[PDB]
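We give structure tokens for two forms of one protein chain below, kept apart as structure 1 and structure 2.
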Structure 1
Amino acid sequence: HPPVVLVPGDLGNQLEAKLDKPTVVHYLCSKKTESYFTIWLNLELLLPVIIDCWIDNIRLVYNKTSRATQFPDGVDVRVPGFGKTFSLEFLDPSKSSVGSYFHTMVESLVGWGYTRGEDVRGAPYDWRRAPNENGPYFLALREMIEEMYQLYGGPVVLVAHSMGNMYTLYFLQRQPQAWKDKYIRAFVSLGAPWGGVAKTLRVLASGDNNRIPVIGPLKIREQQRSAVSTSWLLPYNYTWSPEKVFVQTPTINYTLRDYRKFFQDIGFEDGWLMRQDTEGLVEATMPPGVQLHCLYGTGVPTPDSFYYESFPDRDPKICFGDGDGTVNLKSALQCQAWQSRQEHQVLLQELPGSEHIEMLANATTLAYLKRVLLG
């Protein structure tokens, strides 16, 4: 069985922070921590009031002159568990059941004879940022893959979920063909948002608290806007129709060609700058150049377009299309398009009735993985 590298999506791996802040927004916020502590996921930090301290620490500060993000003053952040799997398996380490993500898949791999940190390793990253600001991650990824090839005597299978697929595609596009041919056995793509997703618009406009219902959407919106990864996942014209209307308000429409207006109108000009920085990172048409298995969920209502009665401080009415609940079905066209441009094999696999996250622990998904690894 070949070695395996797991790549998480947005919000998909733990993050740690250390504090020595000059000042804070409220007296009850900690100025200093003695060591690094879990910033994501920690449910205790997401309660009302305390949320303001958390936002103050986890937000990214955009420098308009340098066109780059910085951490808040006195705040440092690291990605734990690179080369291990604990940070991908459970999001909140203290809070077992509720935070289960990659756990089920990893347990199955172990059942088939794999070993944590050895045959199977995770590649977590700072998912708040785009690939442009995770250069070190990609260096470590390349080196880890080479090490696993040497140790275990064979090329690696990449298994990526959601945004992890875009990160890994960027990575693969930048490696020479000879390297990919030697070191990569296959790339298993799970729920990949090729060409962005509709839900991005709602998040940016009015906030999205589906997971965190105890907190108001307009409060959490502040943090969500700050993450470059959010703006990076706005719909792209090669997958969606250039004329498709995503957002309707009482005064105006918004298509994918109206992002500048959108950002100005919602009062977040930084987001336009973020989008300009990142929209050109991944070459739309260039395939990864390796054996690809594209798994996508269907039959789950997925937000397609939005009507705002009041813009942008009031929650919108939502029209639904097909997909996995998060990633729109229309994303799977890119895999379809790559199939016709094939040196390497491209296999498409529908997962009817499988939700975006549930697919990672689904028996059918695991059975397909078995096929790839042992066949």
Structure 2
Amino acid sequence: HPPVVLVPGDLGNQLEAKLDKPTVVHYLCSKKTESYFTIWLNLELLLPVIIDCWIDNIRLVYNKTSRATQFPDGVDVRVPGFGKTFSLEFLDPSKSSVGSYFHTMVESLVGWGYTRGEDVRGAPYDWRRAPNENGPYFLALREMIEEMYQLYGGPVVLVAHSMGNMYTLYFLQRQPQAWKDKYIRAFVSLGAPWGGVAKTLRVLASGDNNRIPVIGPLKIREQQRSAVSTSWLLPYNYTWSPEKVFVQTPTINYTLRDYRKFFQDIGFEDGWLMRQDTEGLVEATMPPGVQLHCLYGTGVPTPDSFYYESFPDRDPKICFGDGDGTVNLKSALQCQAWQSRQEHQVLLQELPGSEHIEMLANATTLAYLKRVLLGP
């Protein structure tokens, strides 16, 4: 069986931080730590009394002069577990079921004869950033793939979830065809948001706590805005119509041609700069150039557009289309376009009734992966 590399999505791996801050936002915030501690996922940091401390540490600072993000003064954030699986199997190192992410899939792989840290490895990254600020990650990923090829005696299968698919596409678009022909066996794409997702507009406008309900929406919005990866995933014109209205208000409509206005009107102008930094990273039409299995959920109501009475609106009204709850069905038309642009096969697989996250622990998903890996 071929070696496997797992690429997670947003919020999809542990992060650690170390502090030596000159100032804090309130007295209950720690100024200094002697060592690194887990900053994602640790439920104790997200209680109402101290969530402001967490926000202050996990936010990125946007520097308009350098057009780059930086950590807050006296904060360092690192990604543990590169080359291992623990930090994507469980988001919370307490190993609570709330943070179980790649665990079910890795358990299956091990049952089929894989070994953690050897022929199955994780490629975690700082998911707050877009690929433009994760150059070293891509170098390390390339090296790890080459090593795994040599050690385990054949080309590697990449398995990516959610935003990890866009990271993987970026990577593959930038490797020479000869390199991919040698080192990559296949790319199994799970819940890929090709061309962005409509719900990103609501996230940026009013916050989205559905994944972490112990955080109030307006509080978590601060983190979500600060993450370049959020703006990177706004809808693109190669998937969506330039005339589609994603956000409607009584006085103004926002389409994908109106992001500058949108960011002004929600009070977050840096987001427009982030979008400009990132909108060109993934080449709109260029296929990955490897055997591709596109697995996408359908039959789950998926936010498509929003009505706001103004900004900021406690409850926006929501219009739903088809998809997996998060990724709109239209994203899967992007894999269809690639069929005629590359020689390697592109296989589409619908997963009816499969929700965006649940697809990772779903027996049908795992049966499909087994077929890809073991051939039977």
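Basically, rigid core = biggest C-alpha set you can superpose within 1.5 Å across the two forms. The first residue in the sequence of structure 1 is number 1, and each one after it adds one.
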Listed options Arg211, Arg257, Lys182, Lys84; Cα moving by 2 angstroms or more between the two structures (core superposition): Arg211
Hey, does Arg314 budge by 2 Å or more at the Cα between the two structures once the core is superposed? yes
How much does the C-alpha of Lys95 move between the two structures, in Å, given a rigid core overlay? 4.4
What does the CA of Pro22 shift by between the two structures after fitting on the core? Give it in Å to one decimal. 0.6
What does the CA of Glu222 shift by between the two structures after fitting on the core? Give it in Å to one decimal. 1.0
